[PDB]
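J.: Turn this into a structure:
(9 chains, ligands or ions: 12)
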Amino acid sequence: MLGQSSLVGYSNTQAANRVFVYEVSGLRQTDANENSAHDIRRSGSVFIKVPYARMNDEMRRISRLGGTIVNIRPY
Amino acid sequence: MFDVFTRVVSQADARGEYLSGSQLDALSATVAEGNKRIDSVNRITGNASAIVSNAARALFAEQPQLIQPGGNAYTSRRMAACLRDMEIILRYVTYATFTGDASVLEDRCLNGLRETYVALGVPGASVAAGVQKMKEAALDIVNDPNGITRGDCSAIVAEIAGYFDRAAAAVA
Amino acid sequence: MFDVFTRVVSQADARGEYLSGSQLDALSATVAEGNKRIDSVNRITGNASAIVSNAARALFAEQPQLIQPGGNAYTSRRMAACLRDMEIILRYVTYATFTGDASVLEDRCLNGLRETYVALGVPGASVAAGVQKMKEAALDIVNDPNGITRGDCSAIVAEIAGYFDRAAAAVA
Amino acid sequence: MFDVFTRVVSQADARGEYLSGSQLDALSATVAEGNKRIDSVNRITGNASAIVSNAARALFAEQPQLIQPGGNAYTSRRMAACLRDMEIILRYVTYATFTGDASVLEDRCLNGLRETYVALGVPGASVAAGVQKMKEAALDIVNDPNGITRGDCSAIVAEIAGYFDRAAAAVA
Amino acid sequence: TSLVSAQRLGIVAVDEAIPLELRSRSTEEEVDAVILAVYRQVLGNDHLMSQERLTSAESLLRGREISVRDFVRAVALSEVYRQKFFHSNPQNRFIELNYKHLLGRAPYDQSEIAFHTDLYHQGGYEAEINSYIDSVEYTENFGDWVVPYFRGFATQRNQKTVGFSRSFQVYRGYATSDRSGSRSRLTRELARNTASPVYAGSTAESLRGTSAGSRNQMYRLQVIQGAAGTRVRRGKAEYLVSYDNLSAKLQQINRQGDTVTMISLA
Amino acid sequence: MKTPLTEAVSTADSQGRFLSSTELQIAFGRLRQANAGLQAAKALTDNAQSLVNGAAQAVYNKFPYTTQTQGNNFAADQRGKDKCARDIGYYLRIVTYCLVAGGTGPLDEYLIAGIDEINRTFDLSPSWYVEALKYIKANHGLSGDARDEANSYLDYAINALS
Amino acid sequence: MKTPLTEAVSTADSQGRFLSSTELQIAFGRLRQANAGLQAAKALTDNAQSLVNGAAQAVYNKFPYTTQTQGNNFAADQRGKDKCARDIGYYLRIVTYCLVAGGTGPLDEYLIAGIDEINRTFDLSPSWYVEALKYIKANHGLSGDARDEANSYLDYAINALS
Amino acid sequence: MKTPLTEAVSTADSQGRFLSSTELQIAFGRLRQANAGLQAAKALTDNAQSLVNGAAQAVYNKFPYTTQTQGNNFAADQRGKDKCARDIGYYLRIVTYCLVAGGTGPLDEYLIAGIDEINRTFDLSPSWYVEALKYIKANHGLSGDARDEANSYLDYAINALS
Amino acid sequence: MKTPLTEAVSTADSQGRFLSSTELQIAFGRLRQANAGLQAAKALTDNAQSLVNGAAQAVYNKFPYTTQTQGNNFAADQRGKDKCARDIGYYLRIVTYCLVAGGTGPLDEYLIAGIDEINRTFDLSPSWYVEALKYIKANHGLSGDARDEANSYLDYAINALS
Ligand SMILES: *[C@@H](C)[C@H]1/C(=C/c2[nH]c(/C=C3N=C(/C=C4\NC(=O)C(CC)=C4C)C(C)=C\3CCC(=O)O)c(CCC(=O)O)c2C)NC(=O)[C@@H]1C
Ligand SMILES: *[C@@H](C)[C@H]1/C(=C/c2[nH]c(/C=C3N=C(/C=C4\NC(=O)C(CC)=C4C)C(C)=C\3CCC(=O)O)c(CCC(=O)O)c2C)NC(=O)[C@@H]1C
Ligand SMILES: *[C@H](C)[C@H]1/C(=C/c2[nH]c(/C=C3N=C(/C=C4\NC(=O)C(CC)=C4C)C(C)=C\3CCC(=O)O)c(CCC(=O)O)c2C)NC(=O)[C@@H]1C
Ligand SMILES: *[C@H](C)[C@H]1/C(=C/c2[nH]c(/C=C3N=C(/C=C4\NC(=O)C(CC)=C4C)C(C)=C\3CCC(=O)O)c(CCC(=O)O)c2C)NC(=O)[C@@H]1C
Ligand SMILES: *[C@H](C)[C@H]1/C(=C/c2[nH]c(/C=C3N=C(/C=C4\NC(=O)C(CC)=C4C)C(C)=C\3CCC(=O)O)c(CCC(=O)O)c2C)NC(=O)[C@@H]1C
Ligand SMILES: *[C@H](C)[C@H]1/C(=C/c2[nH]c(/C=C3N=C(/C=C4\NC(=O)C(CC)=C4C)C(C)=C\3CCC(=O)O)c(CCC(=O)O)c2C)NC(=O)[C@@H]1C
Ligand SMILES: *[C@H](C)[C@H]1/C(=C/c2[nH]c(/C=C3N=C(/C=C4\NC(=O)C(CC)=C4C)C(C)=C\3CCC(=O)O)c(CCC(=O)O)c2C)NC(=O)[C@@H]1C
Ligand SMILES: *[C@H](C)[C@H]1/C(=C/c2[nH]c(/C=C3N=C(/C=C4\NC(=O)C(CC)=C4C)C(C)=C\3CCC(=O)O)c(CCC(=O)O)c2C)NC(=O)[C@@H]1C
Ligand SMILES: *[C@H](C)[C@H]1/C(=C/c2[nH]c(/C=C3N=C(/C=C4\NC(=O)C(CC)=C4C)C(C)=C\3CCC(=O)O)c(CCC(=O)O)c2C)NC(=O)[C@@H]1C
Ligand SMILES: *[C@H](C)[C@H]1/C(=C/c2[nH]c(/C=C3N=C(/C=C4\NC(=O)C(CC)=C4C)C(C)=C\3CCC(=O)O)c(CCC(=O)O)c2C)NC(=O)[C@@H]1C
Ligand SMILES: *[C@H](C)[C@H]1/C(=C/c2[nH]c(/C=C3N=C(/C=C4\NC(=O)C(CC)=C4C)C(C)=C\3CCC(=O)O)c(CCC(=O)O)c2C)NC(=O)[C@@H]1C
Ligand SMILES: *[C@H](C)[C@H]1/C(=C/c2[nH]c(/C=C3N=C(/C=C4\NC(=O)C(CC)=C4C)C(C)=C\3CCC(=O)O)c(CCC(=O)O)c2C)NC(=O)[C@@H]1C
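T.: Numbering: from 1, shown residues only, chains lettered A, B, ... in the order given. Ligands and ions are numbered 1, 2, ... in the order given. I have put the structure below:
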């Protein structure tokens, strides 16, 4: 489980030096992503590594696209 | 996302049949009480800052270990994050009140909020306690009889309370 | 990230107390070792390529199965990846030596490396052995009394030794 | 963008004065004709496909050199782009009709369209001719007296025609 | 666009470009191509030295530790990106470079300049850069696995028409890069909400005949003029002059107090 | 589904904003329309079978070749007739859903999205469905706000098909 | 610039679609609210001077230290009182704009965005403006829809400052 | 936290680089400053109680209304005074942390990030804390490098507050 | 450029921040190092010609084949020897630039970036230049901080070439 070196921004906030793994399921075609140029490849459990400072953004992104955050684990 | 009308629509589409007379009559009753719902939404958003601040101050008063050094609400960044969650929970409860369905609250706010708090070490029970304090403050505000056309708002108060219960039970 | 100062600061802030006289004296002693710490970082950095290349050659001298066809170090891309990893571990050890705290090496390089190497099929024992070889080369270079104001560098060498052991234990 | 109200608002704030009685009565007049504005928007929208297709057919009949091989409407890709540009212009005209202000039409659609067409080689005069045909058609639907409450929509028709004139002037 | 306008505008390669998606179980050369595409487009087609390569970031991308979007973010936040696009550039130029590199388009409005300026001033370079990559626009166009590509030459949803025209001010050709401190070409255009004529590829050239001078070269002078003589009919003016009359034309424009906006070979 | 309530909340959520007076006016407009939409839905479902049967017959009358041409996509036999009546019933039912919901959301979610590939794959001409929707427009008997909203949905379908 | 009409077009254009019945109901809600908003702005405009002076006096009453403490940020002199009266007049005038516009767009564009920077760099207490807004609430004498919409704008400003 | 050593490492890691002579010079500068920072922190924490009490009293004298009017955000009662003294102790303790660390990192981490919306939420004026920090500046009695570094951190808090 | 002053301002500007005590300590380390660095540069400059000739001869001694086998990439002829002496002079001159600037920034921008492509295209062995740098490091005759800074730049180049 690597990634924290590049995921955590170069800002030296101790709060920001924390990454978390999101497990997302059911990434469906919804009205929110009708004009998505790319196509969904997997609707099962996908793992997204999110730094602390972007956890606000990512979960919103997951929630607009119908994905279900089933688990969140410290990295 | 669902509202009060689209939920009945989606259930009917799954069954592949038209809305029955009773469902149409149920939605007519929902529209007849729609003015109370809008005005209740307006009263919560008009006192949002007071609701959030009073609930948070009361929460630290009865849970001083949150604001003690080492507590989860200690330091300015975590304190600001705490008030922001308070405000976020309140805002999505108003969304659910506006739409008449809990789908916005569950899909966009409570989706993964429990495991967000578990992963961050956030004391979700204290989050639930703060949400209940908003519930008492917001229900008192919605039920305030001054400066408003008198009517019975028991149904909408119970619905708003139910949304607040969903959020408090989700974070617990 | 933490350095030697912010580590005790973080502990003190969590307890919400000022640093005691003993903690400040320990930090003062750290400052008294600062020149030696900078010398150790400078010496490892100036011999980084030699340390990594000599250790890799020694690591392939014994354990020949890595470089035979079908081995993990076989093909140019995987050899380049192995060499890259040795340099990365050494670079983060120097960061840890520079900061006086092991947070940078653990958080950015060590945590999750064992599972990553297991998933790729990288032999953790062999890369730990390469880290041990990098340990011996770096410690000889740091403990080189020629061309430097001679002194007692036992404390900084022990810290460097601890960082190398930390790297080897986390990767195996 | 701006709507009919915010345009007056922006002008008043720059002057730093309250809206006068005359401006407030002008906006009261504007909201008195709001229903006709909504009807015109709905009527153009309900026949948007017919408006675009009939105007394109008439345009290609009067200007056969567009659909002649080598023409700028020849090939499916260019024909599809042309029909899309007609629908786009019509959609933004309806947006300007809806808001009561032309800012959405200018800022988003019309600004930069002449340079875009000149750069693409799209004949601006032909597009202007197509917009007149859509204008002629859309005022017929807007002014159709069947199946609507009687009233005077001359003012809103002139406003819609003005938006279509802006579109035609912009492309050429 | 179609071929007939594409050759004139010099955007044939952009039109025929295929989005590059890192699929699951990708081979080594696919990751190599994805890394190369990200370096080409995020760093604005510079000759990237091997010493400037992000070895750790591309290692995490190779080992499936991070997504393409994360690797794009790592390149955007890297000191290499800072050096060549931020530390020697004005803020407005810097954010149009961000729009080109990260979203593949030119700025649409002056408010987008007002945004990312306050965001920089409040939250630093990192927050300002993360705004583009975490934006709704980045998610629907590229997602987590598609290398960003330039989109300003094609009709996008929720797009202003000016974007297409302004695209030619930020994309100067296939053999061009964003390397030289330079000021934005879109400053006045964005501030006053205007559009500039597109002179790209073969669009800039004009007929010469016998009117051009000794060396048969015409120059187009785009100027902003007011009444200082004869009546001025337009605020914007375009002058086509031969090389032999270029100095004289420049000097008489100067003594009338007219502001020269652009000079190009025609 | 796209509706005034859900769209207002989605716009407010995208800006991270509480519901201001703009959203309240959206809810007021939805309330002003909702009753007429409900009676419109009631009238359409009360007259659903005759409307669907007449719409199928109108399609057969305007396009007689569907009655005698042999093929999987044509209604020459009873199986094709059942499929055609079912499709028109699908169109009518989702329009009532749109009337109930107050927006084109049910049409977009259930019918509009992807209908082009369906018509192409199974060789169904959209002109048949355009004629069926015109019959429903001409024979739903609605008046006032009901008719206006219902015809807006029906023309939305027609414009999507054409 | 948040108003019902501009947001309806912003949403539709972001989805690249024509205005459906959802946006029509948004316009209908704006129409139902507009007359009350217009009468609210006129009532506030005609009563603006007494409201501004009374609001300034209420702030001076609740925070007496503003009237004897020397400093650029206080109103112990006539210059400070003029600045205070002008700021409250700005608040009152922009609220009338919101009533005219039908949304908090004038407040967001002209007053709310950057008010935090201003109150901090010129060390002005937002509590002063909260009491000024509270006085305007208690003394604008509006009733019904006009009162409800005006109080929402005043509470929007109050929640922004608190 | 932002410190000379960690920032040097973070920017070296951003470039995938070993620590060059530039980072060594940064560490040498940190070493030059470190003894004064440690001596300043010890001196500040020795009479931290007297400094905090005097700073709280200075705020009370500069802002007498804080000890007089009722309110959750005011120090009229003992609860408000205990909250106020705890806040001053928070400011002073984090400043000593900054002196120990060698940068404004502890202030940014623990105090500065989010302080303005705390102050807005709880109606605490930043001017109160500015007066407290000004007293701490005027009465710490430090000299030389220790005085300059402690004052830089105190002025950093003041500039962040105002 | 990788120099402490540019580094400090780059970090602050990327953060949109004023120069804090962290940046001041960086400048203090730069100041503590600069005179030794400057006189190392002058010591290297005054002995530059002899150092380059001696470094060139050491490369020829360790790799005798470079002075015998014919080829454009070798120093068999006087043209190749001039190219070799010019290259070693380049190495020494940008090293003095590094000492003046206090970091590896001159080496990165002028020599390190893209040197691998150069040595591959014109088939020059980087080991030759490593030997030249080792001679320069062993024969510059510096001491103390001058030796340490100069050796760091020379070893930076050595590590870059290997
Ligand atoms: C163990 C690490 C070895 C050792 C070290 C040692 N060094 C010093 C003293 C100094 N070293 C430096 C270092 C540098 N000066 C520069 O300009 C650079 C490049 C940026 C470096 C790395 C300095 C400044 C000093 C202080 C002055 C001096 O030259 O003495 C000591 C002496 C005690 C002290 O810590 O100050 C020691 C012990 N000595 C050994 O025997 C080990 C092999
Ligand atoms: C010129 C535009 C044409 C015209 C218009 C016109 N309409 C009305 C009245 C109304 N029309 C509506 C509109 C709608 N109700 C809905 O539910 C829908 C779907 C969402 C729409 C589009 C409404 C609500 C009214 C008011 C009530 C009524 O039914 O009359 C008028 C009358 C005056 C008015 O402004 O209300 C007019 C003039 N009439 C013409 O003659 C033109 C062809
Ligand atoms: C306050 C009552 C309690 C408390 C709160 C607290 N929360 C966090 C951190 C986060 N909260 C969320 C949740 C959301 N973000 C959103 O955007 C939404 C809507 C989609 C939700 C529901 C997230 C994602 C985080 C982490 C990311 C971030 O904070 O930006 C913290 C900080 C935790 C930490 O240690 O960093 C805190 C303090 N804490 C308490 O003690 C109270 C009981
Ligand atoms: C060398 C001593 C041993 C060895 C190495 C080896 N490693 C990989 C692959 C990876 N190594 C890493 C580790 C890191 N990347 C980073 O950026 C950092 C810092 C955050 C670390 C610690 C990663 C992520 C990978 C995967 C990506 C990649 O392959 O580059 C390989 C290649 C495996 C493969 O190609 O499938 C190899 C060969 N192998 C040995 O046999 C030695 C014992
Ligand atoms: C049809 C009546 C005429 C015609 C049209 C035509 N247009 C294009 C290409 C483009 N059209 C636009 C316009 C817009 N894009 C937007 O997003 C907006 C809304 C804000 C507008 C108004 C643009 C930017 C292009 C170029 C990019 C793209 O094609 O997507 C073409 C194609 C040109 C080509 O060579 O491909 C055509 C054919 N052509 C005629 O001959 C008619 C008179
Ligand atoms: C060598 C014969 C001469 C020379 C060359 C030189 N070129 C540049 C910089 C660039 N070269 C290009 C060209 C291309 N990039 C591409 O992707 C394509 C294919 C379509 C081409 C043709 C570009 C875009 C640049 C810009 C910078 C970049 O790094 O990409 C330089 C660098 C200049 C500088 O560093 O400032 C040089 C030196 N120079 C000579 O003296 C020779 C005559
Ligand atoms: C009637 C107007 C004409 C006609 C009809 C016909 N349709 C099909 C088959 C299909 N029709 C649909 C349509 C829908 N299914 C949905 O879920 C919805 C949205 C809720 C719609 C509009 C589909 C998907 C099919 C294919 C699968 C299926 O059979 O259900 C057929 C059969 C074609 C075939 O190949 O089997 C026919 C005959 N044909 C006529 O001639 C009428 C004029
Ligand atoms: C009155 C409630 C209290 C008060 C007022 C006071 N205000 C200022 C200074 C400014 N007020 C503003 C506010 C605005 N400017 C705008 O453009 C708008 C939005 C449309 C607003 C709300 C600003 C920006 C300033 C500073 C610049 C200026 O002086 O105009 C002062 C003077 C502060 C100074 O340093 O000069 C004062 C005194 N003072 C009191 O004591 C009242 C309780
Ligand atoms: C319920 C908790 C409380 C309550 C509500 C209530 N309200 C009404 C009626 C109306 N309320 C409104 C609301 C607004 N008008 C506006 O202009 C705005 C701002 C944009 C809002 C929020 C409206 C339009 C009405 C209808 C007209 C009227 O004023 O009567 C009622 C009466 C029944 C009805 O649904 O109309 C009720 C019951 N009443 C209480 O006693 C509760 C404390
Ligand atoms: C003293 C200068 C003035 C004063 C003080 C006062 N403060 C509060 C409450 C809080 N103070 C803080 C501040 C911080 N908490 C932290 O974690 C840190 C950073 C490490 C700081 C600086 C916070 C967050 C609060 C609110 C929550 C809490 O009570 O702990 C109060 C109470 C206000 C209230 O609403 O309860 C008071 C009274 N007030 C004065 O009158 C003094 C002049
Ligand atoms: C010039 C505008 C004014 C002035 C300056 C001056 N300063 C010094 C000397 C020193 N100043 C410092 C500075 C700091 N020490 C710290 O710890 C920090 C905070 C982190 C700072 C900013 C230092 C280290 C010195 C050297 C030691 C000493 O204090 O003597 C001088 C003396 C000459 C010299 O260059 O050392 C001067 C002249 N003096 C004035 O009168 C001007 C108003
Ligand atoms: C000397 C140690 C050995 C040697 C040298 C040799 N070098 C070249 C050619 C080039 N050397 C460079 C290097 C640089 N140019 C720069 O600008 C810098 C950075 C400041 C460096 C380091 C380059 C670019 C070339 C090629 C272009 C040129 O001719 O100058 C040659 C000639 C190769 C050829 O084919 O002409 C030679 C001979 N040769 C030996 O045998 C020595 C052991």
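
J.: Spatially nearest residue to the residue positioned nearest the centre of chain F (excluding sequence neighbours)?
T.: Nearest to the mean C-alpha position of chain F, by Cα atoms, centre = their mean, lies residue F:95 at 3.3 Å. Take residue F:95 and drop its neighbours on the chain: the residue closest to it by Cβ to Cβ, 6 or more residues apart in numbering or on different chains is residue F:153, 4.9 Å away. The way it works is simple: take the backbone N, C-alpha and C, and place the C-beta from them, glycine included.

J.: State whether that neighbour and residue F:99 are indeed in contact, as I suppose.
T.: Yes - with contact defined as Cβ atoms under 8 Å, residue F:153 counts as touching residue F:99 (6.7 Å).

J.: who's more crowded, these two?
T.: Between residue F:153 and residue F:99, residue F:99 has the larger neighbour count (other Cβ atoms under 10 Å in any protein chain shown), namely 32 against 29.

J.: Please give the element, helix or strand, for the residue sitting nearest the centre point of chain A.
T.: Closest to where the C-alpha atoms of chain A average out (Cα atoms, centre = their mean) is residue A:48, at 4.3 Å. Residue A:48 is part of strand A:46-51 when elements are defined by DSSP states H and E.

J.: Name the residues of the stretch 151-266 of chain E found near chain G, please.
T.: With Cβ under 8 Å from any Cβ of the partner chain as the criterion, the stretch 151-266 of chain E meets chain G at residues E:157, E:158.

J.: in stretch B:6-22, what counts as buried?
T.: Buried residues in stretch B:6-22, counting neighbours by 16 or more other Cβ atoms under 10 Å in any protein chain shown, are found at B:6, B:7, B:8, B:9, B:10, B:12, B:13, B:18, B:19.

J.: same deal with stretch B:60-78?
T.: Within stretch B:60-78, the residues that count as buried by 16+ other Cβ under 10 Å are B:60, B:63, B:66-67, B:69, B:71-78.

J.: Ok, stretch E:153-169 next?
T.: E:153-156, E:159-169.

J.: and the end-to-end length of that stretch?
T.: 12 Å (Cα to Cα, to the nearest Å).

J.: Is stretch A:14-23 positioned near chain C?
T.: Yes - Stretch A:14-23 is in contact with chain C by Cβ under 8 Å from any Cβ, via A:14, A:17.

J.: ok, and what's touching that stretch?
T.: Applying Cβ atoms under 8 Å, 6 or more residues apart in numbering or on different chains, the contact partners of stretch A:14-23 are A:1, A:3-4, A:7-9, A:45-53, A:55, A:58-59, A:62, A:69-75, B:77-78, B:112, B:119-120, C:1-2, C:6, C:10, C:107, H:1, H:109.

J.: ok, it near ligand 10 or not?
T.: No - on the criterion Cβ under 6 Å from any ligand atom, stretch A:14-23 is out of touch with ligand 10, staying 13.1 Å away.

J.: how close does residue E:171 get to ligand 11?
T.: When distance is defined by Cβ to the nearest ligand atom, to the nearest Å, residue E:171 is 47 Å away from ligand 11.

J.: Chain A against ligand 4: which residues are in contact?
T.: A:2, A:5.

J.: For chain A, what lies in contact range of chain C?
T.: Chain A has residues A:1, A:2, A:3, A:4, A:5, A:8, A:12, A:14, A:17, A:75 near chain C, with proximity defined as Cβ under 8 Å from any Cβ.

J.: follow-up on the earlier one: ok, and the closest non-adjacent residue to the residue nearest to the centre of chain A?
T.: Leaving aside its chain neighbours, residue A:48 sits nearest to residue A:22 (4.5 Å; criterion: Cβ to Cβ, 6+ apart).

J.: and the one you found, that one's in a strand?
T.: Yes - per DSSP: H, G, I helix; E, B strand; the rest coil, residue A:22 lies within a strand segment.

J.: re earlier: wait, the residue nearest to the centre of chain A touches residue A:24, no?
T.: Yes - under the criterion of Cβ under 8 Å, residue A:48 makes contact with residue A:24 at 6.2 Å.
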